[PDB]
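Shown next: work-v6.cif, containing mmCIF, N, CA and C atoms.
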```
data_structure
loop_
_atom_site.label_atom_id
_atom_site.label_comp_id
_atom_site.auth_asym_id
_atom_site.auth_seq_id
_atom_site.Cartn_x
_atom_site.Cartn_y
_atom_site.Cartn_z
N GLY A 1 5.48 -27.54 -267.30
CA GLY A 1 5.76 -28.92 -266.93
C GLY A 1 4.75 -29.47 -265.95
N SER A 2 3.96 -30.45 -266.39
CA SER A 2 2.95 -31.06 -265.54
C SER A 2 3.59 -31.81 -264.38
N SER A 3 2.81 -32.06 -263.34
CA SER A 3 3.30 -32.77 -262.16
C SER A 3 2.95 -34.25 -262.23
N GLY A 4 1.80 -34.56 -262.83
CA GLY A 4 1.37 -35.94 -262.95
C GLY A 4 -0.11 -36.06 -263.23
N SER A 5 -0.70 -37.18 -262.83
CA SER A 5 -2.12 -37.42 -263.05
C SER A 5 -2.93 -37.07 -261.80
N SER A 6 -4.03 -36.35 -262.00
CA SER A 6 -4.88 -35.94 -260.89
C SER A 6 -6.28 -35.57 -261.39
N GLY A 7 -7.11 -36.59 -261.62
CA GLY A 7 -8.46 -36.35 -262.09
C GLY A 7 -9.49 -36.47 -260.99
N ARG A 8 -9.24 -35.80 -259.87
CA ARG A 8 -10.16 -35.83 -258.74
C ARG A 8 -11.44 -35.05 -259.05
N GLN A 9 -12.35 -35.03 -258.08
CA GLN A 9 -13.61 -34.32 -258.25
C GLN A 9 -14.43 -34.91 -259.40
N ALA A 10 -15.37 -35.78 -259.05
CA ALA A 10 -16.22 -36.42 -260.05
C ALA A 10 -17.63 -35.85 -260.02
N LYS A 11 -18.44 -36.22 -261.01
CA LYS A 11 -19.82 -35.75 -261.10
C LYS A 11 -20.63 -36.21 -259.89
N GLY A 12 -20.79 -35.31 -258.92
CA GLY A 12 -21.54 -35.65 -257.72
C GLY A 12 -22.89 -34.96 -257.68
N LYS A 13 -23.38 -34.68 -256.48
CA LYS A 13 -24.67 -34.02 -256.30
C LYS A 13 -24.66 -33.12 -255.07
N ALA A 14 -25.05 -31.87 -255.26
CA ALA A 14 -25.09 -30.91 -254.16
C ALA A 14 -26.39 -30.12 -254.17
N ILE A 15 -26.65 -29.41 -253.08
CA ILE A 15 -27.87 -28.61 -252.96
C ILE A 15 -27.57 -27.12 -253.14
N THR A 16 -26.53 -26.65 -252.46
CA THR A 16 -26.13 -25.25 -252.54
C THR A 16 -25.20 -25.01 -253.72
N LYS A 17 -24.82 -23.75 -253.92
CA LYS A 17 -23.93 -23.39 -255.02
C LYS A 17 -22.51 -23.15 -254.51
N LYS A 18 -21.57 -23.04 -255.43
CA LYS A 18 -20.17 -22.81 -255.08
C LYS A 18 -19.59 -21.64 -255.88
N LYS A 19 -18.61 -20.96 -255.29
CA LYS A 19 -17.97 -19.83 -255.95
C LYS A 19 -16.79 -20.29 -256.79
N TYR A 20 -16.31 -19.41 -257.67
CA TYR A 20 -15.18 -19.73 -258.54
C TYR A 20 -14.38 -18.47 -258.86
N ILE A 21 -13.08 -18.66 -259.10
CA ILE A 21 -12.20 -17.54 -259.43
C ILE A 21 -11.08 -17.98 -260.36
N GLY A 22 -11.26 -19.14 -260.99
CA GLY A 22 -10.26 -19.65 -261.90
C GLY A 22 -8.86 -19.61 -261.31
N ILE A 23 -8.56 -20.58 -260.45
CA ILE A 23 -7.25 -20.65 -259.82
C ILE A 23 -6.87 -22.09 -259.49
N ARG A 24 -5.63 -22.45 -259.78
CA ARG A 24 -5.14 -23.80 -259.52
C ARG A 24 -4.10 -23.80 -258.41
N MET A 25 -4.28 -24.67 -257.43
CA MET A 25 -3.35 -24.77 -256.31
C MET A 25 -3.14 -26.23 -255.90
N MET A 26 -2.01 -26.49 -255.25
CA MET A 26 -1.69 -27.85 -254.80
C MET A 26 -1.36 -27.87 -253.32
N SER A 27 -1.78 -28.93 -252.63
CA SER A 27 -1.53 -29.07 -251.20
C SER A 27 -0.05 -28.87 -250.89
N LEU A 28 0.27 -27.75 -250.26
CA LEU A 28 1.65 -27.44 -249.90
C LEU A 28 2.11 -28.31 -248.73
N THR A 29 3.28 -28.91 -248.87
CA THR A 29 3.84 -29.76 -247.82
C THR A 29 5.12 -29.17 -247.26
N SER A 30 5.45 -29.54 -246.03
CA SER A 30 6.65 -29.05 -245.37
C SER A 30 7.89 -29.37 -246.19
N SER A 31 7.85 -30.50 -246.90
CA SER A 31 8.98 -30.92 -247.72
C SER A 31 8.97 -30.19 -249.07
N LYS A 32 7.77 -29.92 -249.57
CA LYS A 32 7.62 -29.23 -250.85
C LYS A 32 8.02 -27.76 -250.72
N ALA A 33 7.57 -27.12 -249.65
CA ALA A 33 7.88 -25.72 -249.41
C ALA A 33 9.38 -25.52 -249.19
N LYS A 34 9.95 -26.32 -248.30
CA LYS A 34 11.38 -26.23 -248.00
C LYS A 34 12.21 -26.32 -249.28
N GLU A 35 11.68 -27.01 -250.28
CA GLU A 35 12.37 -27.16 -251.55
C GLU A 35 11.96 -26.07 -252.53
N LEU A 36 10.76 -25.54 -252.35
CA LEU A 36 10.24 -24.49 -253.22
C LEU A 36 11.08 -23.21 -253.08
N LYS A 37 11.57 -22.96 -251.87
CA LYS A 37 12.38 -21.78 -251.61
C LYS A 37 13.79 -21.96 -252.16
N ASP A 38 14.46 -23.03 -251.74
CA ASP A 38 15.81 -23.31 -252.19
C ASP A 38 15.86 -23.42 -253.71
N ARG A 39 14.74 -23.78 -254.32
CA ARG A 39 14.65 -23.92 -255.76
C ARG A 39 14.17 -22.63 -256.41
N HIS A 40 13.41 -21.84 -255.65
CA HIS A 40 12.89 -20.57 -256.15
C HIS A 40 13.19 -19.44 -255.17
N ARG A 41 14.27 -18.71 -255.43
CA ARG A 41 14.67 -17.60 -254.57
C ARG A 41 13.53 -16.59 -254.44
N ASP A 42 12.66 -16.55 -255.44
CA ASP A 42 11.53 -15.63 -255.43
C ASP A 42 10.57 -15.95 -254.28
N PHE A 43 10.47 -17.23 -253.94
CA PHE A 43 9.59 -17.67 -252.86
C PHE A 43 9.86 -16.88 -251.59
N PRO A 44 8.78 -16.51 -250.88
CA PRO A 44 8.87 -15.74 -249.63
C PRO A 44 9.46 -16.57 -248.49
N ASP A 45 9.40 -16.02 -247.28
CA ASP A 45 9.92 -16.71 -246.11
C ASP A 45 8.82 -17.50 -245.40
N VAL A 46 8.00 -18.19 -246.19
CA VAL A 46 6.91 -18.98 -245.64
C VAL A 46 6.92 -20.40 -246.21
N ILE A 47 6.23 -21.31 -245.53
CA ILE A 47 6.16 -22.70 -245.98
C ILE A 47 4.87 -23.36 -245.50
N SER A 48 3.82 -22.56 -245.35
CA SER A 48 2.53 -23.07 -244.90
C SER A 48 1.39 -22.21 -245.45
N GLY A 49 0.59 -22.80 -246.33
CA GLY A 49 -0.52 -22.08 -246.92
C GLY A 49 -0.98 -22.69 -248.23
N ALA A 50 -1.47 -21.84 -249.13
CA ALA A 50 -1.95 -22.30 -250.43
C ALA A 50 -1.00 -21.86 -251.54
N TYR A 51 -0.44 -22.82 -252.25
CA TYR A 51 0.48 -22.53 -253.35
C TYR A 51 -0.26 -22.43 -254.67
N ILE A 52 -0.13 -21.28 -255.33
CA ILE A 52 -0.79 -21.06 -256.62
C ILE A 52 0.08 -21.55 -257.77
N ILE A 53 -0.44 -22.51 -258.53
CA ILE A 53 0.29 -23.06 -259.67
C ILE A 53 -0.05 -22.31 -260.95
N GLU A 54 -1.25 -21.74 -261.00
CA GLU A 54 -1.69 -21.00 -262.17
C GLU A 54 -3.07 -20.38 -261.94
N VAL A 55 -3.22 -19.12 -262.33
CA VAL A 55 -4.48 -18.41 -262.16
C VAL A 55 -5.16 -18.16 -263.50
N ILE A 56 -6.22 -18.91 -263.78
CA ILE A 56 -6.95 -18.77 -265.03
C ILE A 56 -7.28 -17.31 -265.31
N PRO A 57 -7.06 -16.89 -266.56
CA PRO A 57 -7.33 -15.51 -266.99
C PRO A 57 -8.82 -15.20 -267.04
N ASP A 58 -9.16 -13.92 -267.12
CA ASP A 58 -10.55 -13.49 -267.18
C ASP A 58 -11.28 -13.86 -265.89
N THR A 59 -10.53 -13.97 -264.80
CA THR A 59 -11.11 -14.32 -263.51
C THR A 59 -10.91 -13.19 -262.49
N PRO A 60 -11.78 -13.16 -261.47
CA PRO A 60 -11.72 -12.14 -260.42
C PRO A 60 -10.50 -12.31 -259.51
N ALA A 61 -9.78 -13.40 -259.71
CA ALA A 61 -8.59 -13.68 -258.91
C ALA A 61 -7.33 -13.20 -259.62
N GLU A 62 -7.37 -13.18 -260.95
CA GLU A 62 -6.23 -12.74 -261.74
C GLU A 62 -6.08 -11.23 -261.68
N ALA A 63 -7.20 -10.52 -261.69
CA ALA A 63 -7.20 -9.07 -261.63
C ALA A 63 -7.07 -8.57 -260.20
N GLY A 64 -7.52 -9.39 -259.25
CA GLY A 64 -7.45 -9.02 -257.85
C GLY A 64 -6.02 -8.85 -257.37
N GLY A 65 -5.14 -9.74 -257.81
CA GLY A 65 -3.75 -9.66 -257.41
C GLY A 65 -3.10 -11.03 -257.32
N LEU A 66 -3.91 -12.06 -257.09
CA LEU A 66 -3.41 -13.42 -256.99
C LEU A 66 -2.66 -13.83 -258.25
N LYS A 67 -1.34 -13.93 -258.14
CA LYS A 67 -0.51 -14.31 -259.28
C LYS A 67 0.13 -15.68 -259.05
N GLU A 68 0.71 -16.24 -260.10
CA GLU A 68 1.36 -17.55 -260.02
C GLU A 68 2.52 -17.52 -259.03
N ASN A 69 2.81 -18.67 -258.43
CA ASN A 69 3.90 -18.77 -257.47
C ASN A 69 3.63 -17.90 -256.24
N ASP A 70 2.41 -17.98 -255.72
CA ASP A 70 2.03 -17.19 -254.56
C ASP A 70 1.72 -18.11 -253.37
N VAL A 71 1.70 -17.53 -252.17
CA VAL A 71 1.42 -18.28 -250.96
C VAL A 71 0.58 -17.47 -249.99
N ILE A 72 -0.68 -17.88 -249.83
CA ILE A 72 -1.60 -17.19 -248.93
C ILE A 72 -1.34 -17.58 -247.48
N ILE A 73 -1.18 -16.58 -246.62
CA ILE A 73 -0.93 -16.82 -245.20
C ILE A 73 -2.17 -16.54 -244.37
N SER A 74 -3.05 -15.68 -244.89
CA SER A 74 -4.28 -15.33 -244.19
C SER A 74 -5.33 -14.82 -245.17
N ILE A 75 -6.60 -14.94 -244.79
CA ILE A 75 -7.70 -14.49 -245.63
C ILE A 75 -8.87 -14.00 -244.79
N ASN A 76 -9.31 -12.77 -245.04
CA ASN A 76 -10.43 -12.19 -244.31
C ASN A 76 -10.09 -12.05 -242.83
N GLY A 77 -8.80 -11.92 -242.53
CA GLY A 77 -8.36 -11.78 -241.15
C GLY A 77 -8.23 -13.11 -240.45
N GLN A 78 -8.08 -14.18 -241.22
CA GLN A 78 -7.94 -15.52 -240.66
C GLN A 78 -6.78 -16.26 -241.31
N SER A 79 -5.79 -16.63 -240.51
CA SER A 79 -4.62 -17.34 -241.01
C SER A 79 -5.01 -18.73 -241.52
N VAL A 80 -4.52 -19.07 -242.71
CA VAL A 80 -4.82 -20.36 -243.31
C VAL A 80 -3.56 -21.22 -243.40
N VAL A 81 -3.75 -22.54 -243.45
CA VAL A 81 -2.63 -23.47 -243.54
C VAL A 81 -2.95 -24.62 -244.49
N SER A 82 -3.86 -24.37 -245.42
CA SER A 82 -4.26 -25.38 -246.39
C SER A 82 -5.01 -24.75 -247.56
N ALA A 83 -4.66 -25.18 -248.78
CA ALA A 83 -5.30 -24.65 -249.98
C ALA A 83 -6.81 -24.90 -249.95
N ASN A 84 -7.23 -25.89 -249.17
CA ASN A 84 -8.64 -26.23 -249.06
C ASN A 84 -9.37 -25.23 -248.17
N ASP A 85 -8.62 -24.60 -247.26
CA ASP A 85 -9.19 -23.61 -246.35
C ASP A 85 -9.43 -22.29 -247.06
N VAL A 86 -8.45 -21.86 -247.85
CA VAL A 86 -8.55 -20.60 -248.59
C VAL A 86 -9.69 -20.65 -249.59
N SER A 87 -10.06 -21.86 -250.01
CA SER A 87 -11.14 -22.04 -250.98
C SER A 87 -12.50 -21.94 -250.30
N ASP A 88 -12.52 -22.23 -249.00
CA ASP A 88 -13.76 -22.17 -248.23
C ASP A 88 -14.25 -20.73 -248.09
N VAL A 89 -13.34 -19.83 -247.75
CA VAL A 89 -13.68 -18.42 -247.59
C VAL A 89 -14.32 -17.86 -248.85
N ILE A 90 -14.02 -18.48 -249.99
CA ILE A 90 -14.57 -18.05 -251.26
C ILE A 90 -16.09 -18.20 -251.28
N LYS A 91 -16.57 -19.33 -250.78
CA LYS A 91 -18.00 -19.60 -250.74
C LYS A 91 -18.61 -19.13 -249.42
N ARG A 92 -17.77 -19.01 -248.40
CA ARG A 92 -18.22 -18.56 -247.09
C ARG A 92 -18.53 -17.07 -247.10
N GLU A 93 -17.53 -16.26 -247.44
CA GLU A 93 -17.70 -14.81 -247.49
C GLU A 93 -17.79 -14.32 -248.93
N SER A 94 -18.53 -13.24 -249.13
CA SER A 94 -18.71 -12.67 -250.46
C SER A 94 -17.40 -12.09 -250.98
N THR A 95 -16.66 -11.43 -250.09
CA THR A 95 -15.38 -10.82 -250.46
C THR A 95 -14.22 -11.75 -250.12
N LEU A 96 -13.03 -11.40 -250.62
CA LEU A 96 -11.84 -12.20 -250.37
C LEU A 96 -10.65 -11.31 -250.04
N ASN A 97 -10.41 -11.11 -248.74
CA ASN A 97 -9.30 -10.28 -248.29
C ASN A 97 -8.07 -11.13 -248.00
N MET A 98 -7.42 -11.63 -249.05
CA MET A 98 -6.23 -12.45 -248.90
C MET A 98 -5.00 -11.59 -248.65
N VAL A 99 -3.96 -12.21 -248.09
CA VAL A 99 -2.72 -11.49 -247.79
C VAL A 99 -1.51 -12.33 -248.18
N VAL A 100 -0.97 -12.06 -249.36
CA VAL A 100 0.20 -12.78 -249.85
C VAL A 100 1.47 -11.95 -249.69
N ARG A 101 2.60 -12.63 -249.55
CA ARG A 101 3.88 -11.95 -249.39
C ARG A 101 4.59 -11.81 -250.73
N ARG A 102 4.80 -10.56 -251.15
CA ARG A 102 5.47 -10.29 -252.42
C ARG A 102 6.73 -9.45 -252.21
N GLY A 103 7.84 -9.91 -252.78
CA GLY A 103 9.09 -9.19 -252.64
C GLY A 103 9.66 -9.30 -251.24
N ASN A 104 9.18 -8.45 -250.34
CA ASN A 104 9.65 -8.45 -248.96
C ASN A 104 8.64 -7.79 -248.03
N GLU A 105 7.36 -7.97 -248.34
CA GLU A 105 6.29 -7.39 -247.54
C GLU A 105 4.97 -8.12 -247.78
N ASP A 106 3.93 -7.69 -247.08
CA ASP A 106 2.61 -8.30 -247.21
C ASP A 106 1.69 -7.43 -248.07
N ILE A 107 1.00 -8.06 -249.01
CA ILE A 107 0.09 -7.34 -249.90
C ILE A 107 -1.30 -7.95 -249.86
N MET A 108 -2.31 -7.10 -249.71
CA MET A 108 -3.70 -7.55 -249.66
C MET A 108 -4.24 -7.79 -251.07
N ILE A 109 -5.01 -8.86 -251.22
CA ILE A 109 -5.60 -9.20 -252.52
C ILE A 109 -7.11 -9.31 -252.42
N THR A 110 -7.80 -8.24 -252.82
CA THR A 110 -9.26 -8.22 -252.78
C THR A 110 -9.85 -8.86 -254.03
N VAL A 111 -10.54 -9.98 -253.84
CA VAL A 111 -11.16 -10.69 -254.95
C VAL A 111 -12.66 -10.87 -254.73
N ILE A 112 -13.43 -10.77 -255.80
CA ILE A 112 -14.88 -10.92 -255.72
C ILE A 112 -15.34 -12.17 -256.46
N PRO A 113 -15.36 -13.31 -255.75
CA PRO A 113 -15.78 -14.59 -256.33
C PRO A 113 -17.28 -14.64 -256.61
N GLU A 114 -17.64 -15.08 -257.81
CA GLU A 114 -19.04 -15.17 -258.20
C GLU A 114 -19.62 -16.54 -257.85
N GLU A 115 -20.86 -16.54 -257.38
CA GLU A 115 -21.53 -17.78 -257.00
C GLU A 115 -22.07 -18.50 -258.23
N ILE A 116 -21.45 -19.63 -258.57
CA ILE A 116 -21.86 -20.41 -259.73
C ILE A 116 -22.54 -21.71 -259.30
N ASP A 117 -23.45 -22.20 -260.13
CA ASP A 117 -24.17 -23.43 -259.83
C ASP A 117 -23.19 -24.56 -259.50
N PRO A 118 -23.70 -25.61 -258.83
CA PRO A 118 -22.90 -26.76 -258.44
C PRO A 118 -22.47 -27.61 -259.64
#
```
Exercise: express the given structure as structure tokens:
Amino acid sequence: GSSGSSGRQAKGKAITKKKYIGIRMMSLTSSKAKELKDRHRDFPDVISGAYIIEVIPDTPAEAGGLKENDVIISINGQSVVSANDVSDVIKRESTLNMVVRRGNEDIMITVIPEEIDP
């Protein structure tokens, strides 16, 4: 079930390259999270981070551990509070030491994002 229309990111111009791991996420809100839990018992005891809506297959993120309905609380030893922040570490650092909460504990997700042209 789609959420709506969102055709952001247009043909721009950059100098450096960007990494990719085939993953879709949406800006998590205090109101969205509070409802995500009550609506999804599977949801952890968190409400601040990057919410994964779908992880494209054949990607370094799908095999790493990042699964659908996930919430990143920290990456590379740095706590995140925005899906835009977790995406930065992808191009910032070569490795991706994410930490998502599964079941009732914290699990590390090592992903190797490849540097692709702009």
Q. DSSP says strand (DSSP E or B) for which residues of chain A? Put them as a count of residues only?
A. 36
Give me, as CSV, each residue of region 16-42 of chain A that comes within 7 Å of region 91-99 of chain A, together with its shortest interatomic pair and the distance in Å at one decimal, counting all atoms listed in the file, with rows ordered by chain and rising residue number.
```
residue,atom,partner,partner_atom,distance
A:17,C,A:91,CA,6.9
A:18,C,A:91,CA,5.8
A:19,N,A:91,CA,4.8
A:20,N,A:91,N,6.9
```
**Q.** Hits of the PyMOL selection byres ((chain A and resi 24) around 7) in this structure, as a ChimeraX atom specification
**A.** /A:22-23,25-26,51-56
Q. Separation of CA of residue 88 (chain A) and CA of residue 103 (chain A), in Å?
A.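 Atom-to-atom, CA of residue 88 (chain A) to CA of residue 103 (chain A), that is 26.6 Å.
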Q: Go through region 37-101 of chain A and collect every residue that DSSP, computed from the backbone, puts in alpha helix (DSSP H); the answer should be as a list in words.
A: residues 37, 38, 39, 83, 84, 85, 86, 87, 88, 89, 90, 91 and 92 of chain A
Q | One-decimal distance in Å that lies between CA of residue 66 (chain A) and CA of residue 116 (chain A) | A |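 A separation of 19.9 Å between them.
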Q | Nearest to residue 81 (chain A), chosen from A:113, A:1, A:48, A:39, with only C-alpha atoms counted in the distances | A |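 For residue 81 (chain A), the nearest of the given residues is A:48.
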Q: Would you work out the distance separating CA of residue 34 (chain A) from CA of residue 111 (chain A), expressed in Å to one decimal?
A: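 Answer for the CA of residue 34 (chain A) to CA of residue 111 (chain A) separation: 28.2 Å.
What the PyMOL selection byres ((chain A and resi 64) around 6) picks from this file is residues 60, 61, 62, 63, 65, 66, 109, 110 and 111 of chain A.
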Q.
Taking 3 positions as the minimum chain separation for residues in the same chain, which residues sit within 8 Å of residue 83 (chain A) when counting only C-alpha atoms? Answer as a ChimeraX atom specification.
A. /A:25-28,49-51,80,86-87
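Ranking A:104, A:59, A:8, A:47 by their shortest atom-to-atom distance to residue 71 (chain A), with only N, CA and C atoms included, puts A:47 first.
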Q.
Taking all atoms listed in the file into account, name the residue in A:33, A:100, A:40, A:57 that is nearest to residue 73 (chain A).
A. A:100
